[PDB]
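Protein chains in written order, with the authors' numbering: chain RR, 35 to 149; chain KK, 38 to 232; chain EE, 99 to 292; chain cc, 13 to 131. Here the structure is laid out as structure tokens; the discussion comes afterwards.
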Amino acid sequence: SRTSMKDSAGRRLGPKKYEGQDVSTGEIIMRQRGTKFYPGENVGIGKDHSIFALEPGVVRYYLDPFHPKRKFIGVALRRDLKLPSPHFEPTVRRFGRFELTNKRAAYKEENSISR
Amino acid sequence: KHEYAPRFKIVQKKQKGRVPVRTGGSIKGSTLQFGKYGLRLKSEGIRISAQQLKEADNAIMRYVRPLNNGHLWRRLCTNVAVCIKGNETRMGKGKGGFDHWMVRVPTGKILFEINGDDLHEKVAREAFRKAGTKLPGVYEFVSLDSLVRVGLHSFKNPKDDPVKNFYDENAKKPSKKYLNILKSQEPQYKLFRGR
Amino acid sequence: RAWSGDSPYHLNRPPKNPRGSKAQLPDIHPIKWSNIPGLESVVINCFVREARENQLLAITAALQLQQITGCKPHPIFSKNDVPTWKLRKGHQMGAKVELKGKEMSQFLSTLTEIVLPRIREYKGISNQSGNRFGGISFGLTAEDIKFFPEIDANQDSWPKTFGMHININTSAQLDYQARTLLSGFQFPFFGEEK
Amino acid sequence: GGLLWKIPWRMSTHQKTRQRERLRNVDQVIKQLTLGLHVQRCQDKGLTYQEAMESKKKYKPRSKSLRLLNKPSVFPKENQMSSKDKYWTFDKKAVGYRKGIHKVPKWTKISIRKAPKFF
RNA sequence: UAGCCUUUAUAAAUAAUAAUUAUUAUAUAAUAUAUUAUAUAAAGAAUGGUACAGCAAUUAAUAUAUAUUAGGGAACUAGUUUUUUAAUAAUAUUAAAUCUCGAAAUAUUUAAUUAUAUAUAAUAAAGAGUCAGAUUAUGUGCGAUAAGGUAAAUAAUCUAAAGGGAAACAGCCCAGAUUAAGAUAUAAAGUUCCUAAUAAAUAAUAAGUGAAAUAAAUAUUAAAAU
RNA sequence: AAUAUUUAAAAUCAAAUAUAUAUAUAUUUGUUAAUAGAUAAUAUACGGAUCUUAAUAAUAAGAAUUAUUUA
RNA sequence: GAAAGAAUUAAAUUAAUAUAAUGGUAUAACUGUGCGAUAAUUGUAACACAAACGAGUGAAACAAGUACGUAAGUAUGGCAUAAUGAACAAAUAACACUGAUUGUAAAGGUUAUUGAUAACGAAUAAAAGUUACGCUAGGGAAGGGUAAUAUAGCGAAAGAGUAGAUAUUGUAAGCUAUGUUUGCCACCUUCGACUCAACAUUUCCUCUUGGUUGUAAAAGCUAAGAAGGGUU
Ligand SMILES: [Mg+2]
Ligand SMILES: [Mg+2]
Ligand SMILES: [Mg+2]
Ligand SMILES: [Mg+2]
Ligand SMILES: [Mg+2]
Ligand SMILES: [Mg+2]
Ligand SMILES: [Mg+2]
Ligand SMILES: [Mg+2]
Ligand SMILES: [Mg+2]
Ligand SMILES: [Mg+2]
Ligand SMILES: [Mg+2]
Ligand SMILES: [Mg+2]
Ligand SMILES: [Mg+2]
Ligand SMILES: [Mg+2]
Ligand SMILES: [Mg+2]
Ligand SMILES: [Mg+2]
Ligand SMILES: [Mg+2]
Ligand SMILES: [Mg+2]
Ligand SMILES: [Mg+2]
Ligand SMILES: [Mg+2]
Ligand SMILES: [Mg+2]
Ligand SMILES: [Mg+2]
Ligand SMILES: [Mg+2]
Ligand SMILES: [Mg+2]
Ligand SMILES: [Mg+2]
Ligand SMILES: [Mg+2]
Ligand SMILES: [Mg+2]
Ligand SMILES: [Mg+2]
Ligand SMILES: [Mg+2]
Ligand SMILES: [Mg+2]
Ligand SMILES: [Mg+2]
Ligand SMILES: [Mg+2]
Ligand SMILES: [Mg+2]
Numbered sequence: 035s036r037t038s039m040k041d042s043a044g045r046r047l048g049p050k051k052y053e054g055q056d057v058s059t060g061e062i063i064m065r066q067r068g069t070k071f072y073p074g075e076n077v078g079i080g081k082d083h084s085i086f087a088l089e090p091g092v093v094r095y096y097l098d099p100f101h102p103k104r105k106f107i108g109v110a111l112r113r114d115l116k117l118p119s120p121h122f123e124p125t126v127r128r129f130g131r132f133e134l135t136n137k138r139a140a141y142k143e144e145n146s147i148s149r
Numbered sequence: 038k039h040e041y042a043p044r045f046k047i048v049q050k051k052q053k054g055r056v057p058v059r060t061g062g063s064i065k066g067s068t069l070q071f072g073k074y075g076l077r078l079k080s081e082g083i084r085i086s087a088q089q090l091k092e093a094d095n096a097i098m099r100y101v102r103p104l105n106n107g108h109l110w111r112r113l114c115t116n117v118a119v120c121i122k123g124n125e126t127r128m129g130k131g132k133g134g135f136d137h138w139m140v141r142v143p144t145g146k147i148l149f150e151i152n153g154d155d156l157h158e159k160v161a162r163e164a165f166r167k168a169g170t171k172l173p174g175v176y177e178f179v180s181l182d183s184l185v186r187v188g189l190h191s192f193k194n195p196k197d198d199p200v201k202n203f204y205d206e207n208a209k210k211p212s213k214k215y216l217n218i219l220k221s222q223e224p225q226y227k228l229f230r231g232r
Numbered sequence: 099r100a101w102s103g104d105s106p107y108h109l110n111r112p113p114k115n116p117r118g119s120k121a122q123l124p125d126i127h128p129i130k131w132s133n134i135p136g137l138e139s140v141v142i143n144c145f146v147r148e149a150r151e152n153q154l155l156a157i158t159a160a161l162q163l164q165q166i167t168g169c170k171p172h173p174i175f176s177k178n179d180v181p182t183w184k185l186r187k188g189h190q191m192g193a194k195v196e197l198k199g200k201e202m203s204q205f206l207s208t209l210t211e212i213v214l215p216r217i218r219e220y221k222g223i224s225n226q227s228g229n230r231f232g233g234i235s236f237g238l239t240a241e242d243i244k245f246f247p248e249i250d251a252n253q254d255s256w257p258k259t260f261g262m263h264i265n266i267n268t269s270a271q272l273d274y275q276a277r278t279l280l281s282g283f284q285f286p287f288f289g290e291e292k
Numbered sequence: 013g014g015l016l017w018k019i020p021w022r023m024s025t026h027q028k029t030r031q032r033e034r035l036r037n038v039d040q041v042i043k044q045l046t047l048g049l050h051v052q053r054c055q056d057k058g059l060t061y062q063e064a065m066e067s068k069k070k071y072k073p074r075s076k077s078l079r080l081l082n083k084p085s086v087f088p089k090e091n092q093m094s095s096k097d098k099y100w101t102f103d104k105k106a107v108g109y110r111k112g113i114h115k116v117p118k119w120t121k122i123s124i125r126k127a128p129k130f131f
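Next up, the structure:
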């Protein structure tokens with residue numbers, strides 16, 4: 035006969051970074067088929083709908099009244115911040131860059147311009 | 038009349054499974070609904086086959102046909118497929134071929150239930166007894182005044198189950214998604230959704 | 099219908115279908131000064147089944163519609179594949195046109211005043227016709243289409259002519275109101291009404 | 013079939029007595045944990061050991077595990093339990109839906125107190 | 001090769017292991033309904049769809065002196081009295097490996113705190129063995145709800161574990177032998193003799209039933225509730 | 001004392017817990033036996049002995065079975 | 001009171017998705033449309049997921065240039081998960097790296113590209129059978145378990161039995177017993193005859209007994225006790 039012994043190995047899907055966990059840029063938070071979890075803020079979504087943090091912070095799972103029937107995963111820039119942040123409140127942003135105190139480095143950056 | 042031969046479009050082999058043990062106190066199928074006397078399992082949950090059920094059916098029909106407007110209701114359907122293999126075979130080589138249909142009967146379910154204008158309790162008892170002698174478990178007689186068997190040695194009454202609405206319970210102990218929907222219907226979100 | 103909340107499984111369960119129908123039906127309001135029935139549109143359907151073998155008959159049918167009505171016809175294209183009828187998909191089988199205002203008024207006036215009186219054995223429109231929420235449909239054959247002024251004027255240019263269905267859409271809440279309205283516009287009715 | 017694991021289907025009086033004592037011992041452990049938490053709460057509030065023990069108002073535990081273990085409907089005490097559930101445990105592959113609690117592996121250490129209402 | 005083991009060490013080291021606080025609500029107070037505080041209740045921060053439960057949608061089953069459709073059953077020149085077959089509605093019942101509208105416990109897992117430091121984790125140099133596994137429990141696939149069967153999934157033990165109990169006993173119950181001693185408290189198991197150690201209470205058995213491997217449908221004789 | 005389903009702690013009833021001090025809510029537990037069916041091949045196999053009690057009647061026995069328990 | 005807007009609510013992902021199945025999708029990922037055909041481009045790629053290796057997957061950011069957009073911005077192929085193959089040896093192009101006395105060459109290297117090892121981590125460019133004449137080194141990679149089958153009993157009784165399910169009989173199904181049969185597992189690698197038999201009883205004969213419109217007698221059928229003797 036024709037034996038039925040063909041199958042594909044389990045795709046290692048599921049949450050790869052849990053709530054309250056600290057994350058850095060690019061780290062993968064969730065691997066999924068389709069958008070079971072949508073991206074919130076400070077987080078992006080890839081070709082295969084992989085959720086990945088865009089800034090350092092703390093991972094939070096939440097729900098947003100603007101998008102009922104939609105789960106969200108996002109990154110809070112501090113632990114003490116509830117992630118479904120108030121709508122009419124200035125966005126929390128991270129400058130990220132550092133000032134070039136070194137004279138030579140400042141000179142090079144000043145003299146570097148685009149094509 | 039296909040209770041002993043379901044009409045599945047794609048006939049498919051099925052895994053063995055286990056006969057459910059209803060530890061949540063389920064009484065689905067353990068009440069009289071269509072008739073006035075009935076037959077219910079009394080021993081542990083077991084498996085019945087189409088041939089056995091048909092034999093019990095004709096055993097009861099031998100008593101139900103000689104009646105005035107007498108009817109028999111079959112509460113069970115053989116909705117599981119089973120496979121067999123020849124004895125002169127080594128283990129393995131896949132599954133076998135379809136052999137028969139079967140049904141999983143838990144402890145309290147009712148198999149048959151009958152009614153009739155000229156029906157008499159003693160006649161019903163003898164009919165159901167003779168029918169039970171042709172099935173692979175232990176069976177008992179049920180009337181409209183009889184309690185519902187929820188276990189091997191435990192009965193209960195459907196009137197004890199409280200009637201309660203669940204919308205109100207959900208409202209009083211909301212879910213996070215429900216609260217999110219409610220808070221989405223508020224104007225400060227609806228008026229700014231942007232879609 | 100809505101599920102009674104006697105079981106928890108009813109919390110997020112989608113609502114049930116209407117009792118007798120798989121589609122919801124509209125409510126019927128009393129007739130008042132603001133909602134009197136009236137004609138809202140007319141649509142003519144011309145499906146030349148013999149165009150399955152000849153695509154030019156569709157153009158001829160469109161010209162028939164344009165001359166009768168005066169509006170721009172719109173093509174009809176096959177959608178289903180039925181072998182017994184030798185109907186493929188994606189081919190031009192006829193034309194349609196929708197009429198409103200003065201143009202539909204003229205079309206109905208000319209119908210009633212010229213064409214319907216010139217039919218051989220015409221008793222009117224069936225009293226058991228029309229969608230149950232306002233709207234009356236009736237057909238015309240090729241010989242009937244030959245009675246229109248434009249065709250009669252230049253018979254030479256009409257070796258073949260095609261029939262068509264006519265759908266009158268009104269504001270009537272129910273069909274009998276639309277029947278009364280059309281009778282006012284002089285449309286005879288012969289059958290026994292529902 | 014082949015091996016002889018001569019485990020009798022019913023316990024003896026001595027085995028039953030030992031099982032009763034073990035159940036009671038676990039009950040005592042739970043009681044002592046709750047009492048210690050109460051005395052700690054009193055001492056944190058300011059009282060001393062003597063009137064912490066003599067306090068009319070006993071503080072109940074605020075942890076899920078301790079609260080549930082203290083509820084009789086979740087972890088019934090030995091004297092509350094039934095004779096059936098003291099010695100027999102629920103099995104769905106056995107005639108009568110029961111098996112001797114002494115056929116459970118490591119039965120003198122693990123604890124079973126509750127079986128389904130109608131089983 | 002990875003996995004499991006071993007030797008020697010490294011610090012801007014506790015990063016490891018375990019549990020608690022996270023929540024919702026009530027009451028009583030305050031402070032400024034909203035908080036904060038105390039007490040209490042709830043299987044109690046985030047993730048998930050198994051049991052259970054259910055028949056929603058899908059896939060299947062039953063019924064009707066209730067309706068639509070078709071051939072249409074004594075009068076008959078189109079229209080019935082009807083325990084007439086099938087399909088579609090209505091109502092009421094049912095189940096499923098590839099059905100979950102409800103939904104556990106265990107579980108995954110986060111920060112801080114507490115406990116474990118005669119202790120974990122990580123890292124550096126270097127050295128192996130192993131890649132035939134076996135039972136006992138609990139969920140399963142196959143087999144026939146067979147096998148001291150076979151295939152994998154959680155413990156545990158044997159493997160590589162002496163000692164007590166299971167009569168005898170690789171895998172079961174308890175407990176891990178550095179060497180002695182033998183006073184004390186014991187685990188599992190037991191206390192008529194063989195054989196270390198017991199005295200009682202309340203009912204039932206009369207069949208040596210049974211007493212350390214419970215054999216079924218059924219039949220007879222006996223027990224109380226109205 | 002007679003016609004007499006069912007083998008039950010769900011429901012009711014009775015005792016107890018946690019809140020309550022003039023009483024109520026919630027929770028936990030308590031609902032049958034004996035015999036027959038019975039079943040092979042070196043030898044009866046609870047491990048063996050043996051184990052059910054009885055006035056007169058003496059220091060002095062009366063389950064060593066089953067079900068709940070005590071010291 | 002009425003028109004025309006803006007839309008809101010319920011329902012819907014069952015249609016459609018380039019292609020299986022699953023997850024996702026109306027805020028559309030589905031559909032229509034204008035530009036466009038551009039990002040189906042170039043040099044570094046952190047960090048994660050997955051993971052023995054070798055490979056695979058998501059991707060922030062820096063730099064060069066494109067297309068669309070008023071702008072914000074989007075685009076490093078397709079809603080996602082399959083659509084594939086190492087190194088050696090050859091071949092084509094570019095690079096300006098080395099040029100075995102020097103110069104150029106030849107040849108090698110770097111960058112890009114091609115052909116498939118489907119036993120699909122691919123022995124070689126290139127390979128089938130037979131031994132009952134066989135040889136060496138090893139492992140075993142009738143008893144034991146099971147009772148589907150076979151045999152036997154029991155419960156119930158549809159039907160035969162001139163009449164009456166139970167004298168006899170008992171046809172599908174139900175509950176068990178044996179381990180004599182045919183199989184199943186893999187712990188453990190001679191059929192018949194002659195001679196002598198020992199043991200069991202599920203008794204063929206011999207003794208005792210119950211039933212039998214179906215025991216008048218005789219001969220029988222069925223069943224209970226019975227293993228002393230006998231059984232070509
Ligand atoms: Mg898979
Ligand atoms: Mg179920
Ligand atoms: Mg290694
Ligand atoms: Mg769900
Ligand atoms: Mg499943
Ligand atoms: Mg810590
Ligand atoms: Mg191996
Ligand atoms: Mg094995
Ligand atoms: Mg060990
Ligand atoms: Mg070894
Ligand atoms: Mg040992
Ligand atoms: Mg002993
Ligand atoms: Mg020993
Ligand atoms: Mg005995
Ligand atoms: Mg109760
Ligand atoms: Mg013997
Ligand atoms: Mg696509
Ligand atoms: Mg889909
Ligand atoms: Mg990892
Ligand atoms: Mg790697
Ligand atoms: Mg696209
Ligand atoms: Mg050069
Ligand atoms: Mg040279
Ligand atoms: Mg070259
Ligand atoms: Mg190969
Ligand atoms: Mg390979
Ligand atoms: Mg591979
Ligand atoms: Mg080859
Ligand atoms: Mg030869
Ligand atoms: Mg007869
Ligand atoms: Mg038979
Ligand atoms: Mg005999
Ligand atoms: Mg005679």
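By construction, the Cβ of each residue, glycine as well, lies at the ideal position given by its N, Cα and C atoms.
With the cut-off set at 8 Å, would you say residue i and residue j are in Cβ contact?
i                          : j                          : result
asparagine 225 of chain EE : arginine 186 of chain EE   : no
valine 126 of chain RR     : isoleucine 107 of chain RR : no
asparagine 265 of chain EE : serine 235 of chain EE     : yes
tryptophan 17 of chain cc  : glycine 112 of chain cc    : no
Let's see if you can read the secondary structure: which residues bound the alpha helix (DSSP H) around residue i?
i                        : result
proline 173 of chain EE  : Counting along the chain, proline 173 of chain EE falls outside any alpha helix (DSSP H), though it belongs to the beta strand (DSSP E) covering 172 to 175.
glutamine 62 of chain cc : 61 to 65
Compare the C-beta of residue i with all C-beta atoms of chain EE and state if any pair is closer than 8 Å.
i                          : result
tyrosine 41 of chain KK    : no
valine 179 of chain KK     : no
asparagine 124 of chain KK : no
Could you check whether the Cβ of residue i sits closer than 8 Å to any Cβ belonging to chain KK?
i                             : result
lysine 126 of chain cc        : no
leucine 97 of chain RR        : yes
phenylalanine 106 of chain RR : no
At the 8 Å Cβ level, is residue i part of the contact set with chain RR, yes or no?
i                             : result
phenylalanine 229 of chain KK : yes
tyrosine 215 of chain KK      : no
Return no unless some Cβ of chain cc is closer than 8 Å to the Cβ of residue i.
i                      : result
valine 142 of chain KK : no
message: Under 8 Å, with one C-beta from each stretch per pair, do the stretch 172 to 184 of chain KK and the stretch 77 to 89 of chain KK reach the 3-pair mark?
response: yes
query: Using 8 Å as the Cβ pair cut-off and three pairs as the minimum, do the stretch 43 to 54 of chain KK and the stretch 108 to 119 of chain RR touch?
result: no
query: Can you list the beta strand (DSSP E) stretches of 3 or more residues lying completely in the stretch 229 to 292 of chain EE, in chain order?
result: 234 to 238, 262 to 268
- request: Let me know the alpha helix (DSSP H) ranges lying completely inside the stretch 74 to 122 of chain KK, each 4 residues or longer, listed in chain order.
  value: 87 to 101
- request: Counting only runs of 4+ residues fully inside the stretch 126 to 178 of chain KK, write out the alpha helix (DSSP H) ranges in chain order.
  value: 158 to 169
task: Kindly confirm or deny that the stretch 61 to 70 of chain KK and the stretch 183 to 191 of chain KK touch, where touching means at least three C-beta pairs closer than 8 Å.
output: yes
- prompt: Can we say the stretch 176 to 185 of chain EE touches the stretch 193 to 200 of chain EE, given the rule of at least three CB pairs closer than 8 Å?
  reply: no
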